[PDB]
Each structure stands twice: as structure tokens, then as C-alpha cells.
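Some notes on the structure that comes next.
In what follows, every chain begins at residue 1, and chains take the letters A, B, ... in the order their sequences are listed.
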Amino acid sequence: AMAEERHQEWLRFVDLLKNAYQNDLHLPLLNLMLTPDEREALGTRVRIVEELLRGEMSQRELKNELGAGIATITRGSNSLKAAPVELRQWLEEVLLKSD
Amino acid sequence: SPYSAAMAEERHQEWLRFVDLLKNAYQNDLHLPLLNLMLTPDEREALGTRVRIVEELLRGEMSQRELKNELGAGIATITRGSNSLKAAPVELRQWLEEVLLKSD
DNA sequence: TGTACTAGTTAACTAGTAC
DNA sequence: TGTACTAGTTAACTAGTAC
């Protein structure tokens, strides 16, 4: 349950980040808290979710576009199935235009 | 460039996209479900540990070996924290001391 | 004391296959 | 066609050492 404790501290980080966006110090905050590799992997996961939601490529086509492993697409697929409907509709609105 | 340098710049842009989608998520109260979708459980937990280290290194009331023992961490993680703080803008450091320190 | 180093551990990754 | 699987690699981690 060292885990339960690390969970309450994660929530604290979410809160700090919220306050950083409000003061224009999100970038520097993220550069301190994440590693280069982690930032690159997050950039990728956003491309994956956006193209799954657009639905114009098969998952095989998408992994070849990205140079990703098919399991990584699958992770994106499975994570979208677990997300609340309101989030998925919100992403389709924002990612697929208008914003 | 027609090479390496340019490739780095693109990865950069894809990351800024994540930063902008999260901002928009906070404005709509969808930040939590968004971060549960975009990170893994092991990733959230690590972040939690990194914020505790930054806070305690700011505080300056515990030695580094003391911090490591408290958290069940390797001293090299504490070092990463220390070197990162050293590379941060002064402005960020001032704000963190301001928010975490007292408030916490 | 702070911080550079060595080792093995762990989980997200790319590459490819089974239905 | 999507998705559950098998491999090996990568990088942040814990544990421990040398100045």
C-alpha cells in the first residue's frame, strides 16, 4: 500500500500542474517532471488516439504510418474502450476539427 | 535541416500537441479521464514519487540519504531530482517554493 | 555531506504470429 | 479485419560504492 500513498501524491501533481497552466509555467514544470523519452512517447499516443477515432485507416495501416508496434495501437484501442463516453465525444470534437 | 535536427523538431511539435490538448481538458474538467487514458498506472505512480522528491529537496530539512530511505528509492533518483532542479528557470524555482513549501 | 559511478530489475516499446 | 499472443530492446528504476 506504498502504492495507495504514491497515488495520493500523483493527485497532488495533477493539482500543481493545473496551477502551473494558470501562471504560464506549465512548459518548464513539464520539462522538470518528465524525461525526454516520456515526452516523445506522449506525443505518439495522441497521434494514435486521434487516428483510431478518425477511422480512415486500418490498424495495420496506422502502425506502418507511425513505425509503431501493433501492440501499441491495441493499447490505444483498449484505453479508448475504458474511457467515459463523454471523454470520447469530447476528443472527437477537439481532434477532428473546430477547436 | 534535411536531417536529424529537423526530426527532433517534429517530435517536439507532437509533444506540444499533448500540452495543448491537456490545457483544453483542464478548462472542461476532463483532465483526469484524459490523464487516465494517456498514461499507464506505473507512470502515474512514478510522477507521484518525483513530486515528493522535488518538494523535500526544496524544503532542505532532510539529507539526500535520509530522503532515499524514507521513500524506498535509489539515491540516483534523488540525484536526478537535484540535477533537474539545478537546470530549471529561476522563475519556476521561485513559484515552486511559493506553492509547495508552505501550502504543500 | 552531494554526486558520479557499478550492477540487476521492470514495463513500454518495435517486430512479428495466431486466430 | 481487430486483438490476444511470443520475442528482444530500451530506459527509469532500486540497491550499493567511490570520492
Side-chain angles (χ1 to χ4, degrees), chain A residues 1-10 13 17 29-83 88 91-92, chain B residues 4 7-8 10-12 14-15 17-18 21-22 34-88 93 96-97:
Chain A
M2 77 156 55
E4 280 177 22
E5 214 283 316
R6 300 303 189 282
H7 190 257
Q8 291 298 296
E9 290 288 324
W10 152 246
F13 166 64
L17 179 67
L29 185 64
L30 302 158
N31 285 163
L32 164 65
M33 295 291 141
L34 289 188
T35 74
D37 276 301
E38 293 158 358
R39 292 187 298 270
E40 289 173 14
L42 288 165
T44 302
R45 306 184 186 161
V46 166
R47 293 254 83 122
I48 290 164
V49 160
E50 190 176 329
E51 299 307 333
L52 288 181
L53 291 178
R54 181 194 325 296
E56 316 189 340
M57 295 179 89
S58 70
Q59 289 190 357
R60 280 162 180 90
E61 271 152 29
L62 181 57
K63 69 87 170 238
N64 286 146
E65 200 64 57
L66 305 186
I70 187 76
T72 313
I73 307 304
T74 293
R75 264 195 103 137
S77 186
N78 289 156
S79 306
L80 256 341
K81 287 182 204 193
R88 276 136 58 179
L91 295 178
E92 300 196 330
Chain B
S4 71
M7 257 175 326
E10 174 176 338
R11 280 189 252 99
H12 197 248
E14 301 182 292
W15 157 253
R17 314 159 78 240
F18 171 73
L21 178 68
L22 177 63
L34 181 67
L35 285 173
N36 282 152
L37 158 74
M38 301 288 297
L39 293 171
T40 76
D42 279 311
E43 307 158 354
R44 295 195 277 277
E45 274 195 326
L47 288 156
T49 302
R50 295 178 187 174
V51 86
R52 187 66 175 50
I53 287 164
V54 155
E55 181 169 7
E56 300 306 333
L57 284 174
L58 280 176
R59 228 175 262 290
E61 146 178 96
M62 257 188 258
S63 66
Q64 282 189 17
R65 310 161 161 73
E66 277 169 311
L67 212 214
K68 88 146 194 198
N69 298 113
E70 193 46 56
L71 266 21
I75 200 70
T77 312
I78 311 309
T79 297
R80 269 252 199 185
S82 183
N83 297 165
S84 312
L85 242 17
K86 291 171 206 338
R93 277 222 310 287
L96 287 176
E97 310 203 356

For this session: Looking only at non-hydrogen atoms, find the nearest pair between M57(A) and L62(A) and report the distance.
Result: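 Where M57(A) meets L62(A) most closely, the heavy atoms are CE-N, 3.9 Å.
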Problem set entry | Smallest separation among heavy atoms of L22(B) and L34(B), with atom names |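 Minimum heavy-atom separation between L22(B) and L34(B): CA-CD2, 3.9 Å.
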Exercise. For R75(A), which contact category applies under a 4.0 Å heavy-atom criterion: base, sugar-phosphate, or nothing?
Worked result: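 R75(A): backbone/sugar contact only, no base atoms under 4.0 Å.
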Exercise. Across the strands shown, which category fits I73(A) at heavy-atom distances under 4.0 angstrom: base, sugar-phosphate, nothing?
Worked result: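 Answer is nothing: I73(A) stays at 4.0 Å or more from every strand.
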Exercise. Nearest nucleotide by nearest heavy atom, which residue falls closer to the 5' end of DNA chain C, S63(B) or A76(B)?
Worked result: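 It is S63(B) whose nearest nucleotide is closer to the 5' end.
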Atom pair [atom1]/[atom2] of [X] and [Y] - distance to nearest 0.5 Å:
X: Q64(B); Y: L57(B); atom1: CD; atom2: CG; value: 6.0 Å
X: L80(A); Y: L37(B); atom1: CG; atom2: CG; value: 6.0 Å
X: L42(A); Y: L34(A); atom1: CG; atom2: CG; value: 6.5 Å
X: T79(B); Y: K68(B); atom1: OG1; atom2: NZ; value: 10.5 Å

North or south sugar at [N], going by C1'-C2'-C3'-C4' (positive north, negative south)?
N: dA11(C); value: south
N: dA7(D); value: north
N: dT10(D); value: south

Exercise. Listed in order of residue number, which residues of residues 34-52 of chain A have a non-hydrogen atom at under 4.0 Å from DNA chain C?
Worked result: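 Result for residues 34-52 of chain A: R45(A), sorted by number.
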Exercise. Do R88(A) and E92(A) meet the salt-bridge criterion of a basic N to acidic O distance under 4.0 Å?
Worked result: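 Looking at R88(A) together with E92(A), the answer is no, because their closest N to O distance does not fall below 4.0 Å.
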Problem set entry | Presence of salt bridge, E51(A) and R54(A), under 4.0 angstrom |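 The answer is yes: the pair qualifies as a salt bridge.
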For this session: Dot-bracket notation for DNA chain C is requested: 5' to 3', Watson-Crick or G-U wobble pairs only, both distances under 3.5 Å, with ( ), [ ], | and . as defined.
Result: .||||||||||||||||||
Problem set entry | Closest-nucleotide 5' rank along DNA chain D - winner of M57(A) and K68(B) |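 This one resolves to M57(A).
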For this session: Could you tell me whether a side-chain N or O of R50(B) sits under 3.5 Å from a main-chain N or O of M33(A), the two making a donor and an acceptor?
Result: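 A pair under 3.5 Å: yes.
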Exercise. Side chain of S77(A), backbone of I73(A): donor and acceptor closer than 3.5 Å?
Worked result: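 Here the side-chain-to-backbone pair does not exist.
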For this session: Considering only heavy atoms of chain B and a distance under 4.0 Å, specify the first and last nucleotide of DNA chain C in 5' to 3' order that meet this criterion.
Result: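 Contact boundaries, 5' end first: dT1(C) to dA12(C).
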Problem set entry | Side chain proximity check, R47(A) to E65(A), heavy atoms < 4.5 angstrom |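 Of all side-chain heavy-atom pairs linking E65(A) with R47(A), none is under 4.5 Å.
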